[PDB]
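The next block holds one structure in the form of structure tokens; read it before the comments.
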Amino acid sequence: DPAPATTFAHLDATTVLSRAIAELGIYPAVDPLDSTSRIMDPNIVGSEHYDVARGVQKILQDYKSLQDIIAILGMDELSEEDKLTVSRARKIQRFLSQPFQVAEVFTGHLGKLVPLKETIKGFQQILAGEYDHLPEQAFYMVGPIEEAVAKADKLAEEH
Amino acid sequence: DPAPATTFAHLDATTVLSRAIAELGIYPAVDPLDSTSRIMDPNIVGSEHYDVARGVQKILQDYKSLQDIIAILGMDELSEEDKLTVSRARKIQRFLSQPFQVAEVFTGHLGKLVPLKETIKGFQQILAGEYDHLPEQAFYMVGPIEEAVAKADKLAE
Amino acid sequence: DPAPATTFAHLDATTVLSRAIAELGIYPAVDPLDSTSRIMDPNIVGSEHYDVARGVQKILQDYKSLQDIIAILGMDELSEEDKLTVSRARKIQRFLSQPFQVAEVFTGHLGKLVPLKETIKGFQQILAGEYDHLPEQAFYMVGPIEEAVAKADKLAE
Amino acid sequence: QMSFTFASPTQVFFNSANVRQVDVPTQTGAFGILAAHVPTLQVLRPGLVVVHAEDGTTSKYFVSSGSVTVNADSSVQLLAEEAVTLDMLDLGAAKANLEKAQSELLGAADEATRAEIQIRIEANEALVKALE
Amino acid sequence: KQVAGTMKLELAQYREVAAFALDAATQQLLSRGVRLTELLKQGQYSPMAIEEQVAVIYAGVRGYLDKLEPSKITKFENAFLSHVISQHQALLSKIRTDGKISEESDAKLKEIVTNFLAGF
Amino acid sequence: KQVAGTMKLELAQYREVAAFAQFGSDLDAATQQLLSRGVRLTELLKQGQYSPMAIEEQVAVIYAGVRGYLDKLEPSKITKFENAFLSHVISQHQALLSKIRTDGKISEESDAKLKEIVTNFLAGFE
Amino acid sequence: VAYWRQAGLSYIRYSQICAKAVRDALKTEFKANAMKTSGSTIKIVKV
Amino acid sequence: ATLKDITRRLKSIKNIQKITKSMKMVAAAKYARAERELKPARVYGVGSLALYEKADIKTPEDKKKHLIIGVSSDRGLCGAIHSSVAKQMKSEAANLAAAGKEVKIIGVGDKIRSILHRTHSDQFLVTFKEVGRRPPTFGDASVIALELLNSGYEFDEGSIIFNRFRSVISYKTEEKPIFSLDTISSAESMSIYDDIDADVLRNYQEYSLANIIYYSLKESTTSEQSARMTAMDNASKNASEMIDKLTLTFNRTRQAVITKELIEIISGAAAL
Amino acid sequence: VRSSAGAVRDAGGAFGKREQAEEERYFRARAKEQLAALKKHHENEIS
């Protein structure tokens, strides 16, 4: 639309909240592939932060590419490497969700503030495969990664 | 369009004739899902009439939902309940077609009137599955359902 | 779109240069099948010209269809009345190419202005099968059919 | 006259050929089939088939197991599970496996385990005998 | 607030795996989702008191209707309402006045539903 | 021109079988080779930001890419190869780069020098 | 009645073991091709 | 619909067509390989069946134990491959039970299990999955036969149903009888065979069971790959027709939207 | 007019919901399996 289209050029950072992601229950519904920042360069944030961000974006785009095939084959017929990409992509998709201190009324959960180093560590580990055994739902609406581990432990105990 | 869209609010019963259904050969081409009525109320038409109408609409809506996949992937990638739904929905679609007397000149058939009780009974029978052994083209352009059965018998010969 | 929808009302013919044919080294890269003409009518161009053109179009379509089978099931799957059509269609594709007089600095050959009778006779002979013993490359970038004969003699001897 | 048919699951060596003689090893002692042999049906054991072509030629194939069927009308069907020509086999490795199997024979956890182990010894001993 | 929350979670999970129709866990998830779905249907000009809605939704969401067929859920809903509105008017009055499913109210609801389900 | 004609031809071949890239296996050897070469070439065309490259650098890199000298390297390692190889040639071999630059073409002796340089650097990369 | 039948085996198991013994004694290169066209991938679902 | 609805639908159908084309190519390659591997297995299995058709064995008419084996795969999108096999299995099972028999079923492939999990859900002796991921080998048939014999359902008669591969476009569903040694021992045609006690004959029956299962696996996989190639080709053709229709609709809608916006601008300009 | 990746689930037609369910069922199954393994590891690592 002309109004948002024109507004795009006046902003350094943008976070394009998406309805297609809010339907899935991932909140905030920020679209990881449709959001950008000016400072998002390796010389401003660092090479670790930048590489983690680009790895996350690439894995999500590959997941989008695969979703077209899964609509015909099915998950059971994917290359045993592709299922790994899909699992990592779903874990990363859930791990971006976070409970706010102002959305207590809706979710009923408790707000979490995640320091930047903890987010970088969490996503670097999720990509590196150090969590390819925990189920997806363990990562849904939690703060740092250790909280996901604890939630998975609780899920297993009351299994 | 503004004109029909505005007229819709001035009517009790509507009957949306559709060109796709007419292209399938069904006649009248009434679209069973766009057509509506104010007296389609269990307190006015009954409970068998209302239940049968809602069952027909439900099965037709399920068939409409399947149509997109059926068109590409083919009717082989369907569960057995879905194949049953497709068969019943096609039988019902054909059965809603009727030969009018004003079209005697057009097609040479004989015009048919179908009292309400016969309509309700025939659709009850189709819905229950009493006629799953007949060919779907046995319902095309017939009066009451017993005429469909007679047509199916003639097809066997 | 109104622009081509309005211009096409006036066109009396059509030529379709295709990137997919300049790749093959055929020149002029005119799409033989997508090209159209209003006067391709036996009453205008005569019966013999019309029949030759229709035969060439049919054989080219046959080769196009067969290419899918070649790509999927492999060349072995063909019959002997289909490998022959593949060979004839490849020869026809080669013969439809021509060297231009204004392109002697691109093809190393000398341009040919083939009259009409020469073209019709050449394609009629190729369709009849009179040249099934020659190599395909003997037809590439030559003038009348006699040039194809001479090229075959010069490259085989 | 014979109608030999010697086929592995993967490859087929003879198909309705006409050979002179077929020396085959079966569970109940080796034997050799000729034109009008008596009908039988045996089950092979790890050994080596020797086929004599219609002329004086002779060819060896080491069969691991299978079934030989000499039919009424001089038609032999000899289906091996894994028939390998002798040139494809390794002499030293067969000795190594024979010795290893002799080793594990002692740790006979149960008579079924001993059975499988010393079936392995049987097959490897047949291999070394064929290759020596 | 107590009951509709669990119902909301159950339908949210059901809507994800709904487009098809194996294992016990997901099969029961679909069963519960469908039971709740047929629970939410309603007629015309017959609004329900809030306590009655709570009773029906509680019965549906506490795994009670999972035994019944899904085509009979309307019959249950209706008969259960008619039974409770007369025999257990006191419990509905309690729920309305106190405005919550207390522990004693929950135990009652439990026994009423358990008795009625078998007796039907 | 010399290197880019082949690069463009190979990329065009790769773009019409890129749909199979997911399947890849269970396909003929020609399609496997097309997919492999295309992936290597695309990983080659990747570039940093604000890091342009002289024409000699570009031609050296693309020449290494399009002659098969990267068909052994894994695609994830091509972006590191490119970098290390480029630094190598830029430091050790300036005479060859200067020859290519000023001359404008790849002379046969320069082609041989590029061949030996690419093989020697790739001979041990790890 | 061979020993392995006295131990409760079946000729399918005997043939399996003999085939293994013949397969792990091929010239090295052949072993690769023998890995194909051999070895199960089927699974059994308990009923 | 509106322009965005049409655009999204058109993009989705284009992706679907691309995917189905790729899958047709993959299935064609796997089919070529399957035919190549099917020729030798064809001769091998026909040989293994040689005996029974040469020494005509009539099953006893006084036994109630029967076995039905139905060979298919796990993969879908193969058209009426699993459907035909399951239909014939339920036909034969109904006939046997109407004759007063005690039928069981082995399902080689999920889709068979699924099609028959509503009715015949209790007759499953055992079923096998993981079929179709890789070409079947003799190892698979050996495992199936081994788990059939180990599971102590000593059957008195047998049948195997598979889709015999006729041609790249056609296949047929067969029923190959399987006998238990009780029927081989007491057959007068078998009185001619020499050196035949009831132990060598038992090993022979076990091996022939493995052989027939392997033969059926190879035929079934060839026919399945052919059918998947055909199904993907037809699906791609249907997607192409749908893409043509939707492209026409999209062009109409795009032009209509341009005209509508322009007329709005003109009316606003002239209404000042 | 072109096509882009992840468009089948952008339309949200029948194929979109079908794909979403085909994914969700599979990953619910795998999550159940992984949770069982996690419980087993928990119990086996108490000592």
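Chain lettering (A, B, ...) mirrors the order of the structure tokens, residue numbering begins at 1 for each chain separately, and ligand numbering begins at 1 in order of display.
Residue neighbourhood of residue 94 (chain D), excluding near-sequence residues (fewer than 3 positions): residues 89, 90, 91, 97, 98, 99, 100, 123, 124, 125, 126, 127, 128, 129 and 131 of chain D; 21, 22, 24, 25 and 26 of chain G, at 10 Å, using only C-alpha atoms.
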Give the superposed chain C as an mmCIF file with C-alpha atoms, in the first residue's frame, the fit being least squares on chain B over all ordered C-alpha pairs.
```
data_model
loop_
_atom_site.group_PDB
_atom_site.id
_atom_site.type_symbol
_atom_site.label_atom_id
_atom_site.label_comp_id
_atom_site.auth_asym_id
_atom_site.auth_seq_id
_atom_site.Cartn_x
_atom_site.Cartn_y
_atom_site.Cartn_z
ATOM 1 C CA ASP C 1 -24.195 -0.702 -4.082
ATOM 2 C CA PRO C 2 -27.317 1.127 -2.846
ATOM 3 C CA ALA C 3 -29.553 -0.654 -5.371
ATOM 4 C CA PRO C 4 -28.888 -4.284 -4.325
ATOM 5 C CA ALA C 5 -28.053 -3.173 -0.787
ATOM 6 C CA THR C 6 -31.633 -1.876 -0.642
ATOM 7 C CA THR C 7 -33.317 -4.724 -2.515
ATOM 8 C CA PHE C 8 -31.585 -7.413 -0.461
ATOM 9 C CA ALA C 9 -33.260 -5.930 2.607
ATOM 10 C CA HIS C 10 -36.577 -7.185 1.189
ATOM 11 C CA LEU C 11 -35.644 -10.585 -0.251
ATOM 12 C CA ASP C 12 -36.927 -13.639 1.617
ATOM 13 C CA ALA C 13 -34.888 -16.150 -0.413
ATOM 14 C CA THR C 14 -32.349 -16.453 -3.210
ATOM 15 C CA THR C 15 -31.676 -18.594 -6.265
ATOM 16 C CA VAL C 16 -28.359 -18.543 -8.096
ATOM 17 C CA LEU C 17 -28.272 -19.956 -11.601
ATOM 18 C CA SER C 18 -24.644 -20.676 -12.473
ATOM 19 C CA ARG C 19 -22.977 -21.082 -15.853
ATOM 20 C CA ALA C 20 -20.675 -23.630 -14.200
ATOM 21 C CA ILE C 21 -23.576 -26.054 -13.661
ATOM 22 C CA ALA C 22 -25.301 -25.795 -17.046
ATOM 23 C CA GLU C 23 -21.950 -26.993 -18.397
ATOM 24 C CA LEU C 24 -22.357 -30.248 -16.450
ATOM 25 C CA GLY C 25 -25.747 -30.847 -18.069
ATOM 26 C CA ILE C 26 -27.571 -30.380 -14.764
ATOM 27 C CA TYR C 27 -30.894 -28.617 -15.124
ATOM 28 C CA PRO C 28 -32.206 -26.445 -13.565
ATOM 29 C CA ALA C 29 -28.705 -25.048 -13.157
ATOM 30 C CA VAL C 30 -29.397 -23.773 -9.642
ATOM 31 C CA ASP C 31 -26.269 -23.411 -7.536
ATOM 32 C CA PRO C 32 -27.149 -25.710 -4.610
ATOM 33 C CA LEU C 33 -24.706 -24.069 -2.192
ATOM 34 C CA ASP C 34 -25.020 -20.397 -3.158
ATOM 35 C CA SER C 35 -28.818 -20.559 -2.986
ATOM 36 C CA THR C 36 -30.194 -19.214 0.287
ATOM 37 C CA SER C 37 -33.506 -19.009 2.102
ATOM 38 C CA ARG C 38 -34.752 -17.260 5.222
ATOM 39 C CA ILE C 39 -37.280 -19.992 6.050
ATOM 40 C CA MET C 40 -34.677 -22.763 6.037
ATOM 41 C CA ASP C 41 -35.299 -22.902 9.782
ATOM 42 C CA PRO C 42 -36.363 -25.990 11.778
ATOM 43 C CA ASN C 43 -39.185 -23.964 13.334
ATOM 44 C CA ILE C 44 -40.699 -23.255 9.898
ATOM 45 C CA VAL C 45 -39.826 -26.093 7.514
ATOM 46 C CA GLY C 46 -39.820 -28.732 10.240
ATOM 47 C CA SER C 47 -36.947 -30.654 11.759
ATOM 48 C CA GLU C 48 -36.774 -33.426 9.148
ATOM 49 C CA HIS C 49 -36.714 -31.040 6.183
ATOM 50 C CA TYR C 50 -34.104 -28.883 7.901
ATOM 51 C CA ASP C 51 -31.888 -31.857 8.739
ATOM 52 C CA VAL C 52 -32.089 -33.257 5.213
ATOM 53 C CA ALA C 53 -31.224 -29.867 3.721
ATOM 54 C CA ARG C 54 -28.315 -29.369 6.114
ATOM 55 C CA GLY C 55 -26.976 -32.852 5.416
ATOM 56 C CA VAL C 56 -27.150 -32.306 1.665
ATOM 57 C CA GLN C 57 -25.384 -28.960 1.993
ATOM 58 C CA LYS C 58 -22.679 -30.464 4.208
ATOM 59 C CA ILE C 59 -22.026 -33.390 1.873
ATOM 60 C CA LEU C 60 -21.899 -31.085 -1.146
ATOM 61 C CA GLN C 61 -19.402 -28.845 0.646
ATOM 62 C CA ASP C 62 -17.353 -31.920 1.541
ATOM 63 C CA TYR C 63 -17.285 -33.021 -2.093
ATOM 64 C CA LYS C 64 -16.313 -29.500 -3.157
ATOM 65 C CA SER C 65 -13.403 -29.556 -0.711
ATOM 66 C CA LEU C 66 -12.381 -33.056 -1.800
ATOM 67 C CA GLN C 67 -12.320 -32.015 -5.458
ATOM 68 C CA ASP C 68 -9.171 -29.978 -4.796
ATOM 69 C CA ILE C 69 -7.464 -33.070 -3.386
ATOM 70 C CA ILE C 70 -8.630 -35.045 -6.414
ATOM 71 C CA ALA C 71 -7.222 -32.430 -8.782
ATOM 72 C CA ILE C 72 -3.851 -32.191 -7.020
ATOM 73 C CA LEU C 73 -2.987 -35.489 -5.322
ATOM 74 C CA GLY C 74 -5.061 -37.686 -7.627
ATOM 75 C CA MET C 75 -8.074 -39.835 -6.856
ATOM 76 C CA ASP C 76 -5.894 -42.530 -5.259
ATOM 77 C CA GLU C 77 -5.174 -40.394 -2.190
ATOM 78 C CA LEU C 78 -8.744 -40.668 -0.888
ATOM 79 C CA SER C 79 -9.750 -42.794 2.082
ATOM 80 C CA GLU C 80 -12.667 -45.229 1.968
ATOM 81 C CA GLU C 81 -14.816 -42.892 4.082
ATOM 82 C CA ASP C 82 -14.131 -40.164 1.492
ATOM 83 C CA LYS C 83 -14.537 -42.025 -1.790
ATOM 84 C CA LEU C 84 -17.945 -42.967 -0.406
ATOM 85 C CA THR C 85 -18.764 -39.302 0.210
ATOM 86 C CA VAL C 86 -17.588 -38.438 -3.302
ATOM 87 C CA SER C 87 -19.913 -41.078 -4.740
ATOM 88 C CA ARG C 88 -22.828 -39.952 -2.571
ATOM 89 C CA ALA C 89 -22.286 -36.300 -3.494
ATOM 90 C CA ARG C 90 -22.181 -37.115 -7.198
ATOM 91 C CA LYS C 91 -25.421 -39.069 -6.837
ATOM 92 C CA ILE C 92 -26.986 -36.135 -4.979
ATOM 93 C CA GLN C 93 -25.873 -33.694 -7.670
ATOM 94 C CA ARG C 94 -27.462 -35.926 -10.300
ATOM 95 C CA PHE C 95 -30.678 -36.247 -8.309
ATOM 96 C CA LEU C 96 -30.999 -32.485 -7.818
ATOM 97 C CA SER C 97 -31.436 -32.205 -11.590
ATOM 98 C CA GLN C 98 -34.973 -32.553 -12.911
ATOM 99 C CA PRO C 99 -36.787 -32.644 -16.265
ATOM 100 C CA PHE C 100 -39.165 -29.730 -16.813
ATOM 101 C CA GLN C 101 -42.553 -30.005 -18.484
ATOM 102 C CA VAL C 102 -41.809 -26.839 -20.482
ATOM 103 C CA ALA C 103 -38.545 -28.316 -21.780
ATOM 104 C CA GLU C 104 -39.679 -31.572 -23.381
ATOM 105 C CA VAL C 105 -38.197 -30.297 -26.664
ATOM 106 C CA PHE C 106 -34.751 -29.994 -25.032
ATOM 107 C CA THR C 107 -34.386 -33.199 -22.991
ATOM 108 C CA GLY C 108 -36.430 -35.910 -24.732
ATOM 109 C CA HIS C 109 -37.924 -36.892 -21.364
ATOM 110 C CA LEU C 110 -41.307 -36.063 -19.819
ATOM 111 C CA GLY C 111 -41.519 -33.314 -17.235
ATOM 112 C CA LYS C 112 -41.970 -34.181 -13.573
ATOM 113 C CA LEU C 113 -43.559 -32.098 -10.814
ATOM 114 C CA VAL C 114 -42.049 -33.728 -7.728
ATOM 115 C CA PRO C 115 -44.066 -33.084 -4.538
ATOM 116 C CA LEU C 116 -42.188 -32.108 -1.384
ATOM 117 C CA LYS C 117 -42.462 -35.388 0.523
ATOM 118 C CA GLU C 118 -41.028 -37.253 -2.458
ATOM 119 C CA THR C 119 -38.026 -34.915 -2.581
ATOM 120 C CA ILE C 120 -37.305 -35.126 1.138
ATOM 121 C CA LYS C 121 -37.616 -38.912 1.159
ATOM 122 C CA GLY C 122 -35.403 -39.296 -1.898
ATOM 123 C CA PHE C 123 -32.597 -37.190 -0.491
ATOM 124 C CA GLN C 124 -32.935 -38.754 2.963
ATOM 125 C CA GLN C 125 -32.587 -42.210 1.418
ATOM 126 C CA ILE C 126 -29.594 -41.186 -0.697
ATOM 127 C CA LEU C 127 -27.876 -39.673 2.342
ATOM 128 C CA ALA C 128 -28.600 -42.760 4.444
ATOM 129 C CA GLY C 129 -26.726 -44.831 1.857
ATOM 130 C CA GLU C 130 -29.668 -46.993 0.778
ATOM 131 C CA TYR C 131 -28.740 -46.532 -2.904
ATOM 132 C CA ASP C 132 -24.943 -46.817 -2.818
ATOM 133 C CA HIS C 133 -25.055 -49.829 -5.166
ATOM 134 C CA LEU C 134 -26.676 -47.981 -8.084
ATOM 135 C CA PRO C 135 -24.822 -46.145 -10.855
ATOM 136 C CA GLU C 136 -24.591 -42.373 -10.743
ATOM 137 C CA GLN C 137 -26.234 -41.902 -14.141
ATOM 138 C CA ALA C 138 -29.333 -43.681 -12.820
ATOM 139 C CA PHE C 139 -30.103 -40.461 -10.907
ATOM 140 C CA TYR C 140 -29.582 -37.989 -13.755
ATOM 141 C CA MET C 141 -32.696 -36.129 -14.908
ATOM 142 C CA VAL C 142 -35.381 -38.152 -13.134
ATOM 143 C CA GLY C 143 -38.399 -37.394 -10.999
ATOM 144 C CA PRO C 144 -38.922 -39.034 -7.603
ATOM 145 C CA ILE C 145 -36.435 -41.609 -6.329
ATOM 146 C CA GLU C 146 -38.558 -44.484 -7.629
ATOM 147 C CA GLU C 147 -37.813 -43.174 -11.118
ATOM 148 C CA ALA C 148 -34.115 -43.505 -10.279
ATOM 149 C CA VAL C 149 -34.713 -47.122 -9.269
ATOM 150 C CA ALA C 150 -36.584 -47.788 -12.513
ATOM 151 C CA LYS C 151 -33.850 -46.100 -14.550
ATOM 152 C CA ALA C 152 -31.213 -48.253 -12.859
ATOM 153 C CA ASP C 153 -33.208 -51.386 -13.653
ATOM 154 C CA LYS C 154 -33.783 -50.320 -17.263
ATOM 155 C CA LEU C 155 -30.148 -49.426 -17.970
ATOM 156 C CA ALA C 156 -28.541 -52.349 -16.121
ATOM 157 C CA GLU C 157 -30.850 -55.001 -17.594
#
```
> So which residues of region 86-194 of chain H fall under strand (DSSP E or B) by DSSP, listed as a ChimeraX atom specification?
Replying inline: /H:102-108,124-129,157-167,170-179,194
Per residue of region 130-234 of chain H within 9 Å of region 65-80 of chain D, what are the shortest atom pair and its distance in Å to one decimal, counting only C-alpha atoms, with rows by chain and residue number, as JSON lines?
```
{"residue": "H:192", "atom": "CA", "partner": "D:72", "partner_atom": "CA", "distance": 8.2}
{"residue": "H:193", "atom": "CA", "partner": "D:71", "partner_atom": "CA", "distance": 8.1}
{"residue": "H:203", "atom": "CA", "partner": "D:67", "partner_atom": "CA", "distance": 8.9}
{"residue": "H:204", "atom": "CA", "partner": "D:67", "partner_atom": "CA", "distance": 6.6}
{"residue": "H:207", "atom": "CA", "partner": "D:66", "partner_atom": "CA", "distance": 7.1}
{"residue": "H:208", "atom": "CA", "partner": "D:67", "partner_atom": "CA", "distance": 8.4}
```
Output N, CA and C atoms for every residue in that selection, as a short mmCIF file (atom, residue, chain, number, x, y, z; two decimals), in the first residue's frame.
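Saved as selection.cif:
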```cif
data_model
loop_
_atom_site.label_atom_id
_atom_site.label_comp_id
_atom_site.auth_asym_id
_atom_site.auth_seq_id
_atom_site.Cartn_x
_atom_site.Cartn_y
_atom_site.Cartn_z
N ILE H 192 6.88 -89.38 -7.38
CA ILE H 192 7.92 -89.67 -8.35
C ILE H 192 9.26 -89.11 -7.89
N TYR H 193 9.23 -88.05 -7.10
CA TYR H 193 10.47 -87.39 -6.68
C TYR H 193 11.24 -88.27 -5.71
N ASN H 203 12.87 -77.89 4.37
CA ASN H 203 13.80 -76.84 3.98
C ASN H 203 13.45 -76.29 2.61
N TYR H 204 13.06 -77.17 1.70
CA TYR H 204 12.68 -76.71 0.37
C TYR H 204 11.47 -75.80 0.42
N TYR H 207 12.54 -72.36 1.68
CA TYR H 207 13.22 -71.61 0.64
C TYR H 207 12.26 -71.13 -0.43
N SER H 208 11.32 -71.98 -0.85
CA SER H 208 10.39 -71.56 -1.89
C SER H 208 9.50 -70.43 -1.40
#
```
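Contacts from chain H to chain E at a cut-off of 12 Å (only C-alpha atoms) map to residues 113, 114, 117 and 118 of chain H.
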With N, CA, C and O atoms retained, write the just-selected residues as a CSV table (one decimal), in the first residue's frame.
```
chain,number,residue,atom,x,y,z
H,113,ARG,N,-1.9,-52.1,5.3
H,113,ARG,CA,-2.4,-52.1,6.7
H,113,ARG,C,-3.5,-51.1,6.9
H,113,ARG,O,-4.6,-51.4,7.4
H,114,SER,N,-3.3,-49.9,6.4
H,114,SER,CA,-4.3,-48.8,6.6
H,114,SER,C,-5.6,-49.1,5.9
H,114,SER,O,-6.6,-49.0,6.5
H,117,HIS,N,-7.3,-51.7,8.0
H,117,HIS,CA,-7.4,-51.5,9.4
H,117,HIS,C,-8.8,-51.3,10.0
H,117,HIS,O,-8.9,-51.3,11.2
H,118,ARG,N,-9.7,-51.0,9.1
H,118,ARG,CA,-11.1,-50.8,9.6
H,118,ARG,C,-11.8,-52.2,9.7
H,118,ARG,O,-12.3,-52.5,10.8
```
Give the residues of chain D that lie within 8 Å of chain H; count only C-alpha atoms, and format the answer as a short mmCIF file (atom, residue, chain, number, x, y, z; two decimals) with N, CA, C and O atoms, in the first residue's frame.
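So the final result, stored in selection-v6.cif, reads:
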```cif
data_model
loop_
_atom_site.label_atom_id
_atom_site.label_comp_id
_atom_site.auth_asym_id
_atom_site.auth_seq_id
_atom_site.Cartn_x
_atom_site.Cartn_y
_atom_site.Cartn_z
N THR D 5 18.94 -74.38 -15.65
CA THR D 5 18.51 -73.02 -15.33
C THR D 5 19.14 -72.65 -13.99
O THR D 5 18.63 -73.06 -12.94
N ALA D 7 20.19 -69.60 -11.66
CA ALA D 7 19.91 -68.19 -11.49
C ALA D 7 20.12 -67.78 -10.05
O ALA D 7 19.63 -68.45 -9.14
N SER D 8 20.87 -66.71 -9.84
CA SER D 8 20.92 -66.03 -8.56
C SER D 8 19.78 -65.02 -8.48
O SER D 8 19.13 -64.73 -9.49
N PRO D 9 19.48 -64.50 -7.29
CA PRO D 9 18.47 -63.43 -7.23
C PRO D 9 18.84 -62.21 -8.04
O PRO D 9 17.97 -61.58 -8.65
N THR D 10 20.13 -61.86 -8.08
CA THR D 10 20.57 -60.68 -8.80
C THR D 10 20.85 -60.99 -10.27
O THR D 10 20.29 -60.34 -11.15
N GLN D 11 21.71 -61.97 -10.54
CA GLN D 11 22.11 -62.31 -11.90
C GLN D 11 21.71 -63.73 -12.23
O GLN D 11 21.53 -64.57 -11.34
N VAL D 12 21.56 -63.99 -13.52
CA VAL D 12 21.18 -65.30 -14.04
C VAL D 12 22.30 -65.80 -14.94
O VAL D 12 22.67 -65.14 -15.90
N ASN D 15 20.02 -69.89 -18.52
CA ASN D 15 18.57 -69.83 -18.59
C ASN D 15 18.12 -70.80 -19.67
O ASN D 15 18.27 -70.52 -20.86
N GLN D 27 22.40 -81.00 0.64
CA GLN D 27 22.49 -81.31 2.07
C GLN D 27 22.78 -82.78 2.28
O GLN D 27 23.59 -83.15 3.14
N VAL D 38 17.11 -89.24 -12.22
CA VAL D 38 15.83 -89.50 -11.57
C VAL D 38 15.31 -88.20 -10.96
O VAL D 38 16.11 -87.44 -10.39
N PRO D 39 14.02 -87.89 -11.04
CA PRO D 39 13.55 -86.63 -10.46
C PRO D 39 13.86 -86.54 -8.98
O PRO D 39 13.65 -87.49 -8.22
N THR D 40 14.35 -85.38 -8.56
CA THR D 40 14.61 -85.13 -7.15
C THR D 40 14.40 -83.66 -6.87
O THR D 40 14.22 -82.86 -7.79
N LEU D 41 14.44 -83.30 -5.60
CA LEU D 41 14.51 -81.89 -5.23
C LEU D 41 15.25 -81.82 -3.90
O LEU D 41 14.73 -82.27 -2.87
N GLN D 42 16.45 -81.29 -3.93
CA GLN D 42 17.30 -81.16 -2.76
C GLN D 42 17.53 -79.69 -2.45
O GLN D 42 17.17 -78.80 -3.22
N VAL D 43 18.16 -79.46 -1.31
CA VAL D 43 18.46 -78.12 -0.83
C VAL D 43 19.97 -78.04 -0.63
O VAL D 43 20.55 -78.86 0.08
N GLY D 66 20.53 -72.79 -1.41
CA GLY D 66 19.54 -72.68 -2.47
C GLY D 66 18.70 -73.93 -2.56
O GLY D 66 18.37 -74.54 -1.55
N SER D 67 18.36 -74.28 -3.79
CA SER D 67 17.51 -75.43 -4.02
C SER D 67 17.72 -75.92 -5.44
O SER D 67 17.71 -75.13 -6.38
N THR D 69 16.30 -78.71 -8.29
CA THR D 69 15.10 -79.46 -8.62
C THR D 69 15.31 -80.11 -9.98
O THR D 69 15.34 -79.42 -11.00
N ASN D 71 13.59 -82.26 -12.59
CA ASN D 71 12.20 -82.50 -12.91
C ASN D 71 12.06 -83.74 -13.77
O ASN D 71 13.04 -84.33 -14.22
N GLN D 77 16.26 -76.99 -12.40
CA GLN D 77 16.24 -75.63 -11.88
C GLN D 77 17.12 -75.59 -10.65
O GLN D 77 16.83 -76.25 -9.65
N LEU D 79 18.47 -72.92 -8.15
CA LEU D 79 18.38 -71.55 -7.68
C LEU D 79 19.26 -71.40 -6.45
O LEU D 79 18.94 -71.94 -5.39
#
```
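From CA of residue 81 (chain F) back to CA of residue 47 (chain A), the distance works out to 18.9 Å.
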> Would you list which chain A residues are within 12 Å of chain B using only C-alpha atoms, as JSON, numbers by chain?
Replying inline: {"A": [71, 72, 73]}
Write the residues of the preceding selection, restricted to N, CA and C atoms, as a short mmCIF file (atom, residue, chain, number, x, y, z; two decimals), in the first residue's frame.
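In the end it all went to result19.cif:
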```cif
data_model
loop_
_atom_site.label_atom_id
_atom_site.label_comp_id
_atom_site.auth_asym_id
_atom_site.auth_seq_id
_atom_site.Cartn_x
_atom_site.Cartn_y
_atom_site.Cartn_z
N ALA A 71 3.88 -30.70 1.08
CA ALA A 71 2.46 -30.67 0.75
C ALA A 71 2.07 -31.77 -0.23
N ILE A 72 3.04 -32.40 -0.88
CA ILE A 72 2.78 -33.46 -1.86
C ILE A 72 3.33 -34.80 -1.37
N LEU A 73 4.63 -34.87 -1.09
CA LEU A 73 5.20 -36.09 -0.54
C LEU A 73 4.59 -36.43 0.81
#
```
>> Taking 4 positions as the minimum chain separation for residues in the same chain, which residues sit within 8 Å of residue 1 (chain G) when counting only C-alpha atoms? Answer as a PyMOL selection string.
In response: (chain G and resi 5-6) or (chain H and resi 199)
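When CA of residue 32 (chain F) is paired with CA of residue 57 (chain F), their separation reads 28.9 Å.
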Do you have, as JSON lines, the list of residues of chain E lying at most 10 Å from chain B, each with its nearest atom pair and that distance in Å to one decimal, counting only C-alpha atoms and ordered by chain then number?
```
{"residue": "E:20", "atom": "CA", "partner": "B:79", "partner_atom": "CA", "distance": 9.2}
{"residue": "E:21", "atom": "CA", "partner": "B:79", "partner_atom": "CA", "distance": 8.4}
{"residue": "E:43", "atom": "CA", "partner": "B:42", "partner_atom": "CA", "distance": 9.8}
{"residue": "E:44", "atom": "CA", "partner": "B:41", "partner_atom": "CA", "distance": 9.2}
```
